[PDB]
Amino acid sequence: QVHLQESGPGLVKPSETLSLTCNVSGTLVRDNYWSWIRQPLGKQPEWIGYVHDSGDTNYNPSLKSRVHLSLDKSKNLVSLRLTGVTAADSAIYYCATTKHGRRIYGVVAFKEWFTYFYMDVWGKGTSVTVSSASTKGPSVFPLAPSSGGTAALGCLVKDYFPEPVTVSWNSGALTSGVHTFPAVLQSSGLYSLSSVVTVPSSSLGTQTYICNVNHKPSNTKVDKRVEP
Amino acid sequence: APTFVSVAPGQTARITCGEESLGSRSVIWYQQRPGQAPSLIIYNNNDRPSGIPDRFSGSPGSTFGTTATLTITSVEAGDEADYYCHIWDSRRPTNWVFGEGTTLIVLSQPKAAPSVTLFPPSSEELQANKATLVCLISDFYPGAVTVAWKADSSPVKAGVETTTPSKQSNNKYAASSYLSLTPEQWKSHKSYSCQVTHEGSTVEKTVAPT
Amino acid sequence: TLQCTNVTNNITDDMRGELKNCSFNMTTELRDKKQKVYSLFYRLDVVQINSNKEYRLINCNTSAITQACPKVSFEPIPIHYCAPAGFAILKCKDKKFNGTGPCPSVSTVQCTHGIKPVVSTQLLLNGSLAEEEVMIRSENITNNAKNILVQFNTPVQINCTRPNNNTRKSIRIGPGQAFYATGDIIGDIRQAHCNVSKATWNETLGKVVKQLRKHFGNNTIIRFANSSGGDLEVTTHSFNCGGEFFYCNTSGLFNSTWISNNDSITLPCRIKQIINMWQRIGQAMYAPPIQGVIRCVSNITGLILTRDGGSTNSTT
Amino acid sequence: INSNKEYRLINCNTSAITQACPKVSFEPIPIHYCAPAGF
Ligand SMILES: *[C@@H]1O[C@H](CO)[C@@H](O[C@@H]2O[C@H](CO)[C@@H](O[C@@H]3O[C@H](CO[C@H]4O[C@H](CO[C@H]5O[C@H](CO)[C@@H](O)[C@H](O)[C@@H]5O)[C@@H](O)[C@H](O[C@H]5O[C@H](CO)[C@@H](O)[C@H](O)[C@@H]5O[C@H]5O[C@H](CO)[C@@H](O)[C@H](O)[C@@H]5O)[C@@H]4O)[C@@H](O)[C@H](O[C@H]4O[C@H](CO)[C@@H](O)[C@H](O)[C@@H]4O[C@H]4O[C@H](CO)[C@@H](O)[C@H](O)[C@@H]4O[C@H]4O[C@H](CO)[C@@H](O)[C@H](O)[C@@H]4O)[C@@H]3O)[C@H](O)[C@H]2NC(C)=O)[C@H](O)[C@H]1NC(C)=O
Ligand SMILES: *[C@@H]1O[C@H](CO)[C@@H](O[C@@H]2O[C@H](CO)[C@@H](O[C@@H]3O[C@H](CO[C@H]4O[C@H](CO)[C@@H](O)[C@H](O)[C@@H]4O)[C@@H](O)[C@H](O[C@H]4O[C@H](CO)[C@@H](O)[C@H](O)[C@@H]4O[C@H]4O[C@H](CO)[C@@H](O)[C@H](O)[C@@H]4O)[C@@H]3O)[C@H](O)[C@H]2NC(C)=O)[C@H](O)[C@H]1NC(C)=O
Ligand SMILES: *[C@@H]1O[C@H](CO)[C@@H](O[C@@H]2O[C@H](CO)[C@@H](O[C@@H]3O[C@H](CO[C@H]4O[C@H](CO)[C@@H](O)[C@H](O)[C@@H]4O)[C@@H](O)[C@H](O[C@H]4O[C@H](CO)[C@@H](O)[C@H](O)[C@@H]4O)[C@@H]3O)[C@H](O)[C@H]2NC(C)=O)[C@H](O)[C@H]1NC(C)=O
Ligand SMILES: *[C@@H]1O[C@H](CO)[C@@H](O[C@@H]2O[C@H](CO)[C@@H](O[C@@H]3O[C@H](CO)[C@@H](O)[C@H](O[C@H]4O[C@H](CO)[C@@H](O)[C@H](O)[C@@H]4O)[C@@H]3O)[C@H](O)[C@H]2NC(C)=O)[C@H](O)[C@H]1NC(C)=O
Ligand SMILES: *[C@@H]1O[C@H](CO)[C@@H](O[C@@H]2O[C@H](CO)[C@@H](O[C@@H]3O[C@H](CO)[C@@H](O)[C@H](O)[C@@H]3O)[C@H](O)[C@H]2NC(C)=O)[C@H](O)[C@H]1NC(C)=O
Ligand SMILES: *[C@@H]1O[C@H](CO)[C@@H](O[C@@H]2O[C@H](CO)[C@@H](O)[C@H](O)[C@H]2NC(C)=O)[C@H](O)[C@H]1NC(C)=O
Ligand SMILES: *[C@@H]1O[C@H](CO)[C@@H](O[C@@H]2O[C@H](CO)[C@@H](O)[C@H](O)[C@H]2NC(C)=O)[C@H](O)[C@H]1NC(C)=O
Ligand SMILES: *[C@@H]1O[C@H](CO)[C@@H](O[C@@H]2O[C@H](CO)[C@@H](O)[C@H](O)[C@H]2NC(C)=O)[C@H](O)[C@H]1NC(C)=O
Ligand SMILES: *[C@@H]1O[C@H](CO)[C@@H](O[C@@H]2O[C@H](CO)[C@@H](O)[C@H](O)[C@H]2NC(C)=O)[C@H](O)[C@H]1NC(C)=O
Ligand SMILES: *[C@@H]1O[C@H](CO)[C@@H](O[C@@H]2O[C@H](CO)[C@@H](O)[C@H](O)[C@H]2NC(C)=O)[C@H](O)[C@H]1NC(C)=O
Ligand SMILES: *[C@@H]1O[C@H](CO)[C@@H](O[C@@H]2O[C@H](CO)[C@@H](O)[C@H](O)[C@H]2NC(C)=O)[C@H](O)[C@H]1NC(C)=O
Ligand SMILES: *[C@@H]1O[C@H](CO)[C@@H](O[C@@H]2O[C@H](CO)[C@@H](O)[C@H](O)[C@H]2NC(C)=O)[C@H](O)[C@H]1NC(C)=O
Ligand SMILES: *[C@@H]1O[C@H](CO)[C@@H](O[C@@H]2O[C@H](CO)[C@@H](O)[C@H](O)[C@H]2NC(C)=O)[C@H](O)[C@H]1NC(C)=O
Ligand SMILES: *[C@@H]1O[C@H](CO)[C@@H](O)[C@H](O)[C@H]1NC(C)=O
Ligand SMILES: *[C@@H]1O[C@H](CO)[C@@H](O)[C@H](O)[C@H]1NC(C)=O
Ligand SMILES: *[C@@H]1O[C@H](CO)[C@@H](O)[C@H](O)[C@H]1NC(C)=O
Ligand SMILES: *[C@@H]1O[C@H](CO)[C@@H](O)[C@H](O)[C@H]1NC(C)=O
Ligand SMILES: *[C@@H]1O[C@H](CO)[C@@H](O)[C@H](O)[C@H]1NC(C)=O
């Protein structure tokens, strides 16, 4: 199996240098091509460039003099560097394997052909937001259960920046009936989401329901227990 | 810029992307599920990798003067997503930007009753001199709702924060409505309500202090 | 004045353009307002003159130019030459005859066989095959200034194509006259080429060298090399196929060295529209563009070889 | 062809044009057709 995982800062100041890393598991980084793809909110994906061993590396002409790619054969991962970042670079950066192909239309010998690239195995992707504002830690508040034989239960992540926030229940021991809603950008410039779980009312237990809230840009991990 | 294609279930869907062909092409197609990462569907005009059914076919890159076409036979609700294409023309430079995507709409979903849930402010937040009402809206189709808060029988003008609808690998759209109040405001009125207007119906759930 | 640019394609820097997208002014039917129309000329047809790149027709500084009518064709048809009354044409019917000397078996005819006037260089196309062994004819073999006409016994299959779906733009330079320009190209930008079966060419060349040793010593080394240089009509295989005038690189046919004892050979072919054949000055013909991909299959029935003076004669 | 009315000669978009010489006349004169010897 081929698993790809992206990881970065999440928040980068203007006119700075963005640094990203694609942790690869299941294959070696030397026997494959590696490409990076970013995509702004509500726009089409933009190819950043591909990197390969033996010096075979090309970049995007529009971002030619700002981007830098590399391959760590010792740590088995893919890196990315973008100097002089702006608000236009705010997007979702993906890491995907790349297989090459050769389209022949002419007589081959007269170089009447061209090589095309295509990504088959993508990664989960990382979120990168460019803003001159500081990072703020979220404040988790428990949502008490209230009402058929069924009952509702959830948590609340209030005032944080920037996106996103990963929320799990009982360290991942509850994936049935979980619905995490997208956050809302308030006028203050802080996001706020919520996540509820549909559970049977029969929970005298105490069947301890602990939601796990994680915020990478602030390195914040808060474990909150919800009780009626 | 955005385009839409609606096709009845079980029928055939057709998708157009990129400019007209000028030379021999090698069109690469991609599918992007909402909230997920783009996945490979068809590379080299009409060559599908492992895991992709033969229902998905693309126009050959040997026809000069035609646009790239993605044909989807036996359209199902799972095929409802965005589709991008990467044009590789022998007359055009390397495109570092995918073509404008096309949204596939699977008709006859058809209707879905919204599941609203209203939560009162937490005891921990009230100690921080803050209060916030939460109205969770899910499992509703189509994604177009309007939320109006109520103080007893009087409507609430300000303090209302509502998210925009967003489907998640289903007919289920998501929407959250927040109402920022003060600890004094909460204990004031008798009860608050969360009236959600979807399509033609309006569901109302209330909440009372203790 | 032609404001030309590169044809629509995608690099490399080694593609050297070749095809030019020229835009220029033109006289309409009326003698007032002009006409801003564009055409597509080959690099061999144009030449720059000193803002963007401005060119001109390669013949404008040499002679006048007239366009060949699209009604007529340059397809070589058999022509029998006959002698009037009181005259006769004698025909030598021996299988071995170098064109000079007494003929044992002589016959008379009124009209010669159908001889197609195929205008070509280096490679003799669609000619009469020789009998038995391939023949070697020369006015003076000892003289390296005299050409050596070769005649084949078994024909060498040659295939030439024009992989470019051209478009004929008919701009009107009235009243009456009309110029046929070259429109945009439908499909891929490819260059003309000629294929020669490697197997056939190897046997034919080896069959000729065995005849060359009968005149240059039994145990000698025969080496083949490409042209020395000069005009394009001399250094390349000039011929006509489908109305176009090809100019092919023959460095792949004469690249060998013969001692005393499975695919096709592709040849780079250029195409010129403005020509001046028969070393004629004053009359330049502009060959009109041809729609669609052109294909032609011909017979290589002979060669026109020349020998060097560097000698070292009794050796190679 | 499309300020006042501007025109053109009706043949300018069809073919070239040459003026008939005023010296010659288009008056039909009797012409006897004859056959050569042996005919
Ligand atoms: C003078 O001499 C020179 C040199 O000798 C000569 O130059 C030659 O010119 C020709 C034409 O001008 C040129 O042909 C081209 O070749 C392209 C490559 O073909 C070769 O590779 C393929 C695949 O190999 C790859 O994949 C292998 C795994 O499968 C892998 O192991 C390889 O390493 C490699 O990666 C191979 O299949 C071909 O074999 C053919 O030839 C064999 C005989 O030698 C024959 O036995 C085979 O069966 C096969 O012939 C066909 O077989 C079936 C039918 O039975 C067809 O379905 C196949 O497609 C085969 O054609 C070669 O070894 C080739 O891709 C080019 O054809 C594409 O491009 C043109 C122009 O754009 C289109 O019009 C074509 O329709 C075709 O487009 C299809 O393919 C591309 C690429 O895959 C796709 O992107 C397209 O979308 C399209 O595919 C779709 O549409 C079709 C429509 O029907 C559909 O059927 C498909 O299912 C699909 O949905 C083109 O033919 C040749 O390269 C060149 N050089 C040499 C050395 O020959 C001059 O011509 C000579 N001049 C003269 C005058 O004589
Ligand atoms: C050495 O000898 C060989 C053998 O003779 C010779 O090969 C010949 O090549 C020429 C090309 O230069 C061929 O001529 C053309 O052939 C095509 C294809 O013919 C097909 O159709 C016929 C049926 O009619 C079939 O029998 C045949 O097998 C093919 O399938 C024709 O389409 C061409 O026609 C055009 O040109 C003619 C003369 O130029 C015109 O009279 C005719 O009207 C066509 O002109 C116009 O056509 C269109 C209108 O219909 C118009 O749109 C076009 O723009 C164009 O203006 C042409 O006949 C010839 O057939 C080959 N010989 C044989 C036996 O097939 C080599 O060329 C020769 N080598 C050298 C150096 O000369
Ligand atoms: C050699 O050089 C010549 C230039 O002299 C080239 O000729 C030009 O080719 C270009 C193609 O790239 C032509 O540009 C196109 O013009 C079209 C004409 O528009 C018509 O339609 C509109 C309504 O939409 C009318 O209002 C108008 O009056 C015309 O009737 C445009 O429609 C084209 O737009 C398309 O392409 C653009 C590209 O960005 C897209 O964004 C659009 O959405 C649309 O798809 C296009 O702009 C140009 O007109 C030609 N000029 C001449 C004088 O012919 C040759 O192509 C070139 N040849 C080679 C081989 O290099
Ligand atoms: C449009 O034209 C441009 C020409 O500028 C072309 O981009 C070029 O692509 C070639 C490869 O197709 C690049 O050349 C590479 O150079 C590196 C060294 O830096 C080599 O290691 C590469 O070798 C690999 O690729 C070969 C391709 O055939 C393989 O055969 C080989 O096995 C290796 O895998 C390769 O030679 C060149 O650097 C770029 N040029 C630029 C400016 O980017 C582009 O592909 C063309 N696009 C289309 C659609 O025609
Ligand atoms: C190119 O060369 C080939 C030779 O390989 C030519 O094919 C040959 O054409 C001749 C006619 O020019 C054929 O001769 C005929 O033979 C029959 C047999 O009975 C006879 O009845 C006829 O009167 C005529 O003499 C010959 O058979 C044929 N070769 C083969 C193998 O069929 C071809 O015509 C040449 N192409 C040109 C000159 O364009
Ligand atoms: C075709 O002719 C026109 C004239 O109508 C040219 O346009 C003029 O170009 C000159 C320089 O070449 C400028 O100084 C003028 O201002 C232009 N406009 C006029 C005279 O109205 C045009 O450049 C010509 N195109 C060619 C030669 O490709
Ligand atoms: C007409 O123009 C052509 C092309 O510019 C001239 O051909 C050049 O002749 C010189 C002779 O000294 C060569 O060095 C060049 O290489 C030739 N150019 C090309 C493109 O081959 C030709 O001499 C001109 N004729 C004149 C001025 O009478
Ligand atoms: C030149 O072209 C001719 C025909 O255009 C080729 O003859 C063909 O050879 C193939 C075998 O590869 C046969 O399947 C066809 O039936 C033949 N066609 C005819 C009309 O006989 C010939 O092989 C080509 N030669 C080269 C060197 O390209
Ligand atoms: C004949 O072939 C030789 C190669 O053996 C050609 O020599 C080359 O000429 C080019 C000039 O275009 C030089 O760049 C190369 O360095 C030369 N190669 C060698 C090995 O000397 C020569 O040009 C050819 N001549 C003709 C008329 O085709
Ligand atoms: C004909 O072909 C020969 C060889 O295929 C060409 O010679 C090449 O010339 C280029 C420079 O123009 C050199 O870079 C190559 O190294 C040469 N090839 C060889 C094998 O030496 C020649 O240019 C072609 N064209 C003409 C007109 O001769
Ligand atoms: C004639 O053919 C020979 C091959 O028999 C060519 O030799 C090439 O030489 C160069 C270096 O001198 C090598 O890099 C090539 O690999 C050789 N070719 C092959 C096929 O091995 C020679 O270049 C040819 N001459 C011309 C003028 O094309
Ligand atoms: C070259 O392009 C022309 C069009 O630019 C092609 O002509 C078409 O031919 C098909 C059938 O062959 C007809 O159905 C179309 O109506 C034609 N179009 C026009 C505008 O006439 C021609 O086929 C192309 N050449 C080749 C070899 O495919
Ligand atoms: C040249 O101009 C004449 C006159 O405008 C054109 O004749 C016209 O032809 C059309 C055919 O559709 C008729 O409907 C008109 O009635 C004709 N006009 C007159 C005055 O009779 C002729 O077609 C033109 N020739 C071209 C453009 O080649
Ligand atoms: C990638 O994973 C390795 C261990 O597998 C870890 O040491 C490294 O920190 C990871 N990369 C990033 C950027 O966290
Ligand atoms: C045309 O292409 C050649 C390729 O060598 C390049 O040198 C030249 O600058 C190009 N000219 C234009 C106008 O694109
Ligand atoms: C042929 O050339 C040689 C020397 O090149 C000369 O001596 C002789 O007179 C020429 N003519 C012949 C042999 O008929
Ligand atoms: C075939 O050609 C090769 C060179 O291309 C040559 O070495 C060989 O001797 C040839 N074979 C014959 C039988 O002439
Ligand atoms: C060359 O030698 C061959 C024998 O290998 C012989 O048949 C031929 O007649 C000789 N040619 C001469 C002597 O001119």
# chains A, B, ... in the order shown; residues from 1 in each chain; ligands from 1

call {"tool": "residues_near_ligand", "arguments": {"ligand": "ligand 7", "cutoff": "10 Å", "atoms": "only C-alpha atoms and all ligand atoms", "output": "list in words"}}
result
residues 43, 44, 45, 46, 47, 48, 49, 56, 57, 58, 59, 60, 61, 62, 63, 231 and 232 of chain C

call {"tool": "write_last_selection", "arguments": {"atoms": "N, CA, C and O atoms", "output": "CSV table (one decimal), in the first residue's frame"}}
result
chain,number,residue,atom,x,y,z
C,43,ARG,N,10.8,28.4,-44.9
C,43,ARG,CA,12.0,29.3,-44.6
C,43,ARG,C,12.8,29.4,-45.9
C,43,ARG,O,13.5,30.4,-46.1
C,44,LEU,N,12.8,28.3,-46.7
C,44,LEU,CA,13.5,28.3,-48.0
C,44,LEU,C,12.9,29.3,-49.0
C,44,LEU,O,13.5,29.6,-50.0
C,45,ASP,N,11.7,29.7,-48.7
C,45,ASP,CA,10.9,30.6,-49.6
C,45,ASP,C,11.1,32.0,-49.2
C,45,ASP,O,10.9,32.9,-50.1
C,46,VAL,N,11.5,32.3,-48.0
C,46,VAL,CA,11.6,33.6,-47.5
C,46,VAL,C,13.1,34.0,-47.1
C,46,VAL,O,13.9,33.1,-47.0
C,47,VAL,N,13.3,35.3,-46.9
C,47,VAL,CA,14.6,35.8,-46.5
C,47,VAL,C,14.4,37.2,-45.8
C,47,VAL,O,13.8,38.1,-46.4
C,48,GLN,N,15.0,37.3,-44.6
C,48,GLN,CA,14.8,38.5,-43.8
C,48,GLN,C,15.6,39.7,-44.4
C,48,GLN,O,16.5,39.5,-45.2
C,49,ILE,N,15.2,40.9,-44.1
C,49,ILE,CA,15.9,42.1,-44.6
C,49,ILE,C,15.8,43.2,-43.5
C,49,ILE,O,14.8,43.6,-43.0
C,56,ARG,N,10.9,38.7,-46.8
C,56,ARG,CA,10.5,38.9,-48.2
C,56,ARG,C,10.6,37.6,-49.0
C,56,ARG,O,11.3,36.7,-48.5
C,57,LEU,N,10.1,37.5,-50.2
C,57,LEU,CA,10.2,36.3,-51.0
C,57,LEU,C,11.6,36.2,-51.5
C,57,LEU,O,12.2,37.2,-51.9
C,58,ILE,N,12.2,35.0,-51.5
C,58,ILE,CA,13.6,34.8,-51.8
C,58,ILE,C,13.9,35.1,-53.3
C,58,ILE,O,15.1,35.1,-53.6
C,59,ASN,N,12.9,35.3,-54.1
C,59,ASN,CA,13.1,35.5,-55.5
C,59,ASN,C,12.9,36.9,-55.9
C,59,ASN,O,13.2,37.3,-57.1
C,60,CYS,N,12.4,37.8,-55.0
C,60,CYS,CA,12.1,39.2,-55.3
C,60,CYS,C,13.4,40.0,-55.7
C,60,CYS,O,13.3,41.0,-56.4
C,61,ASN,N,14.6,39.5,-55.3
C,61,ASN,CA,15.8,40.2,-55.6
C,61,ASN,C,16.6,39.5,-56.7
C,61,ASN,O,17.7,39.8,-57.0
C,62,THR,N,15.9,38.5,-57.3
C,62,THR,CA,16.6,37.7,-58.4
C,62,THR,C,15.8,37.8,-59.7
C,62,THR,O,16.4,38.1,-60.7
C,63,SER,N,14.5,37.6,-59.7
C,63,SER,CA,13.7,37.6,-60.9
C,63,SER,C,12.2,37.8,-60.6
C,63,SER,O,11.8,38.0,-59.4
C,231,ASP,N,24.5,24.2,-54.5
C,231,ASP,CA,23.1,24.5,-54.5
C,231,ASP,C,22.2,23.4,-53.9
C,231,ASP,O,22.7,22.3,-53.6
C,232,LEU,N,21.0,23.7,-53.5
C,232,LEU,CA,20.1,22.8,-52.8
C,232,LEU,C,19.7,21.7,-53.8
C,232,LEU,O,19.4,20.6,-53.4

call {"tool": "interface_residues", "arguments": {"of": "chain B", "to": "chain A", "cutoff": "9 Å", "atoms": "only C-alpha atoms", "output": "ChimeraX atom specification"}}
result
/B:24-26,28,36-41,43-44,49,62,84,86,88-90,94-101,117,119-125,134,136-138,161-164,166,174-178

call {"tool": "interface_residues", "arguments": {"of": "chain C", "to": "chain B", "cutoff": "12 Å", "atoms": "only C-alpha atoms", "output": "count of residues only"}}
result
16

call {"tool": "interface_residues", "arguments": {"of": "chain D", "to": "chain C", "cutoff": "9 Å", "atoms": "only C-alpha atoms", "output": "PDB file with C-alpha atoms, in the first residue's frame"}}
result
ATOM      1  CA  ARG D   8     -17.638  49.840 -58.863  1.00  0.00           C
ATOM      2  CA  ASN D  11     -16.695  42.943 -63.700  1.00  0.00           C
ATOM      3  CA  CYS D  12     -14.013  43.937 -61.179  1.00  0.00           C
ATOM      4  CA  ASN D  13     -15.001  41.052 -58.898  1.00  0.00           C
ATOM      5  CA  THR D  14     -15.314  38.553 -61.747  1.00  0.00           C
ATOM      6  CA  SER D  15     -12.409  39.046 -64.153  1.00  0.00           C
ATOM      7  CA  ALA D  16     -10.022  41.478 -65.837  1.00  0.00           C
ATOM      8  CA  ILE D  17     -11.182  44.042 -68.393  1.00  0.00           C
TER       9      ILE D  17
END

call {"tool": "residues_near_ligand", "arguments": {"ligand": "ligand 16", "cutoff": "10 Å", "atoms": "only C-alpha atoms and all ligand atoms", "output": "number ranges by chain"}}
result
C: 139-146

call {"tool": "atom_distance", "arguments": {"atom1": "atom 28 (O, counted along the ligand's line) of ligand 8", "atom2": "CA of residue 259 in chain C"}}
result
28.4 Å

call {"tool": "atom_distance", "arguments": {"atom1": "atom 21 (O, counted along the ligand's line) of ligand 8", "atom2": "CA of residue 80 in chain C"}}
result
28.8 Å

call {"tool": "select_by_dssp", "arguments": {"residues": "range 24-146 of chain C", "states": "strand (DSSP E)", "output": "number ranges by chain"}}
result
C: 24-25, 36-42, 46-48, 54-57, 64-67, 89-92, 106-109, 123-125, 135-138

call {"tool": "residues_near_ligand", "arguments": {"ligand": "ligand 5", "cutoff": "7 Å", "atoms": "only C-alpha atoms and all ligand atoms", "output": "list in words"}}
result
residues 126, 127, 154, 155, 298 and 299 of chain C

call {"tool": "write_last_selection", "arguments": {"atoms": "N, CA, C and O atoms", "output": "short mmCIF file (atom, residue, chain, number, x, y, z; two decimals), in the first residue's frame"}}
result
data_model
loop_
_atom_site.label_atom_id
_atom_site.label_comp_id
_atom_site.auth_asym_id
_atom_site.auth_seq_id
_atom_site.Cartn_x
_atom_site.Cartn_y
_atom_site.Cartn_z
N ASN C 126 11.46 6.13 -61.48
CA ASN C 126 10.53 5.60 -62.47
C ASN C 126 11.14 5.41 -63.86
O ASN C 126 10.53 5.79 -64.86
N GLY C 127 12.33 4.82 -63.91
CA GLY C 127 13.00 4.60 -65.18
C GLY C 127 12.95 3.16 -65.63
O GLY C 127 12.33 2.31 -64.98
N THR C 154 16.94 -4.58 -60.32
CA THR C 154 15.82 -4.69 -59.40
C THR C 154 15.53 -3.32 -58.80
O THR C 154 16.42 -2.69 -58.24
N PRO C 155 14.28 -2.86 -58.92
CA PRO C 155 13.90 -1.53 -58.43
C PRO C 155 13.91 -1.45 -56.91
O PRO C 155 13.54 -2.41 -56.23
N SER C 298 7.50 5.46 -55.50
CA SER C 298 8.25 5.48 -56.75
C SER C 298 9.28 4.36 -56.84
O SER C 298 9.48 3.60 -55.89
N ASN C 299 9.91 4.26 -58.01
CA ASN C 299 10.95 3.27 -58.25
C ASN C 299 12.32 3.92 -58.36
O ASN C 299 12.54 4.78 -59.21
#

call {"tool": "residues_near_ligand", "arguments": {"ligand": "ligand 14", "cutoff": "12 Å", "atoms": "only C-alpha atoms and all ligand atoms", "output": "PyMOL selection string"}}
result
chain A and resi 3-10+19-26+72+74-80+126+216

call {"tool": "write_last_selection", "arguments": {"atoms": "C-alpha atoms", "output": "PDB file, in the first residue's frame"}}
result
ATOM      1  CA  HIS A   3       0.348   6.195   1.947  1.00  0.00           C
ATOM      2  CA  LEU A   4       1.258   9.873   1.626  1.00  0.00           C
ATOM      3  CA  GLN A   5       1.080  12.491   4.377  1.00  0.00           C
ATOM      4  CA  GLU A   6       1.654  16.238   4.110  1.00  0.00           C
ATOM      5  CA  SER A   7       2.691  18.433   7.037  1.00  0.00           C
ATOM      6  CA  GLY A   8       3.531  22.122   7.338  1.00  0.00           C
ATOM      7  CA  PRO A   9       3.237  25.263   9.502  1.00  0.00           C
ATOM      8  CA  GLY A  10      -0.298  26.173   8.419  1.00  0.00           C
ATOM      9  CA  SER A  19       8.496  25.143   4.021  1.00  0.00           C
ATOM     10  CA  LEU A  20       6.533  21.924   3.522  1.00  0.00           C
ATOM     11  CA  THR A  21       7.267  18.212   3.916  1.00  0.00           C
ATOM     12  CA  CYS A  22       5.663  15.122   2.378  1.00  0.00           C
ATOM     13  CA  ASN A  23       6.235  12.064   4.567  1.00  0.00           C
ATOM     14  CA  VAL A  24       6.231   8.983   2.335  1.00  0.00           C
ATOM     15  CA  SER A  25       5.482   5.439   3.505  1.00  0.00           C
ATOM     16  CA  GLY A  26       5.225   2.266   1.430  1.00  0.00           C
ATOM     17  CA  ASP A  72      15.669  13.451   1.102  1.00  0.00           C
ATOM     18  CA  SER A  74      18.080   9.492   3.927  1.00  0.00           C
ATOM     19  CA  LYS A  75      14.813  10.391   5.658  1.00  0.00           C
ATOM     20  CA  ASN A  76      12.650   9.179   2.754  1.00  0.00           C
ATOM     21  CA  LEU A  77      10.512  12.292   2.274  1.00  0.00           C
ATOM     22  CA  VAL A  78       9.763  15.136  -0.142  1.00  0.00           C
ATOM     23  CA  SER A  79      10.360  18.812   0.657  1.00  0.00           C
ATOM     24  CA  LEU A  80       9.130  22.134  -0.736  1.00  0.00           C
ATOM     25  CA  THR A 126      -2.014  20.158   4.044  1.00  0.00           C
ATOM     26  CA  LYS A 216      -1.510  22.089  14.894  1.00  0.00           C
TER      27      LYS A 216
END

call {"tool": "residues_near_ligand", "arguments": {"ligand": "ligand 18", "cutoff": "7 Å", "atoms": "only C-alpha atoms and all ligand atoms", "output": "list in words"}}
result
residues 213, 214, 215, 217 and 218 of chain C

call {"tool": "residues_near_ligand", "arguments": {"ligand": "ligand 2", "cutoff": "9 Å", "atoms": "only C-alpha atoms and all ligand atoms", "output": "PyMOL selection string"}}
result
chain C and resi 70-77+116-120+124-127+168+239-244+289-292+294-299

call {"tool": "closest_residue", "arguments": {"among": "A:213, A:109, A:88, A:130", "to": "ligand 10", "atoms": "only C-alpha atoms and all ligand atoms"}}
result
A:109

call {"tool": "decode", "arguments": {"residues": "range 26-44 of chain B", "atoms": "C-alpha atoms", "output": "PDB file, in the first residue's frame"}}
result
ATOM      1  CA  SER B  26      -2.979  13.244 -24.308  1.00  0.00           C
ATOM      2  CA  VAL B  27      -5.828  14.367 -22.054  1.00  0.00           C
ATOM      3  CA  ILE B  28      -5.576  13.463 -18.366  1.00  0.00           C
ATOM      4  CA  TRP B  29      -8.815  13.467 -16.365  1.00  0.00           C
ATOM      5  CA  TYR B  30      -9.236  13.925 -12.609  1.00  0.00           C
ATOM      6  CA  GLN B  31     -12.100  13.626 -10.121  1.00  0.00           C
ATOM      7  CA  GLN B  32     -12.362  15.705  -6.951  1.00  0.00           C
ATOM      8  CA  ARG B  33     -14.843  14.601  -4.291  1.00  0.00           C
ATOM      9  CA  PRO B  34     -16.065  17.505  -2.104  1.00  0.00           C
ATOM     10  CA  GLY B  35     -13.719  17.943   0.855  1.00  0.00           C
ATOM     11  CA  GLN B  36     -11.226  15.450  -0.554  1.00  0.00           C
ATOM     12  CA  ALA B  37      -8.206  15.265  -2.861  1.00  0.00           C
ATOM     13  CA  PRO B  38      -8.277  14.938  -6.687  1.00  0.00           C
ATOM     14  CA  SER B  39      -8.139  11.329  -7.894  1.00  0.00           C
ATOM     15  CA  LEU B  40      -6.954   9.950 -11.236  1.00  0.00           C
ATOM     16  CA  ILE B  41      -9.708   8.654 -13.514  1.00  0.00           C
ATOM     17  CA  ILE B  42      -8.417   8.570 -17.088  1.00  0.00           C
ATOM     18  CA  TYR B  43      -4.886   9.183 -18.348  1.00  0.00           C
ATOM     19  CA  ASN B  44      -3.746   9.198 -21.993  1.00  0.00           C
TER      20      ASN B  44
END
